[PDB]
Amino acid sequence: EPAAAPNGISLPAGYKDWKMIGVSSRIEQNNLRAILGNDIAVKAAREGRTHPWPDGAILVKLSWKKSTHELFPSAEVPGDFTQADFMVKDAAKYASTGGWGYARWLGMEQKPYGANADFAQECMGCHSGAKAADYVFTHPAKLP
């Protein structure tokens, strides 16, 4: 498997098979993103158990560069895979970063992100803004 993140978090195996929580696009990143979760995170998302999210929930955000469909040029679609971002809920273990273990792996090569074991402070620079929602921006997409 890929190397662990600098804070010791291992890449969750088989995350590409996880169920969908939502999707997004960031104007400044020129990307498309999928937000998936493990079974605990998906149950929590669906039942609104996000105040706080329960221990063991793992969220993944997958990002691709925007590209356009040759046969349909107004369709913005995934190009190159850029990264997999994770948040692992463990209120006690990760109390210093809002109860979440942050980790990122870059590209198809799955290179662990971060200069040192303190790298998650970057993530917290933005995710602190979402403190009222237990540090999670994503609102689970509505489905029947």
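Note that residue numbering follows the sequence shown and begins at 1.
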Select between 97-105 and 65-73 the stretch whose C-alpha atoms have the higher average B-factor in the entry. 65-73
Quick check: 43-51 versus 114-122, which has the larger average CA B-factor in the record? 114-122
Going by the recorded CA B-factors, say which third of the chain residue 141 sits in, lowest, middle or highest. lowest
What third of its chain, lowest, middle or highest, does the C-alpha temperature factor of residue 31 fall into? middle
Would you mind checking where the Cα B-factor of residue 129 ranks among the modelled residues of its chain, as the lowest, middle or highest third? middle
Taking the entry's C-alpha B-factors for this chain, is residue 21 in the lowest, middle or highest third? lowest
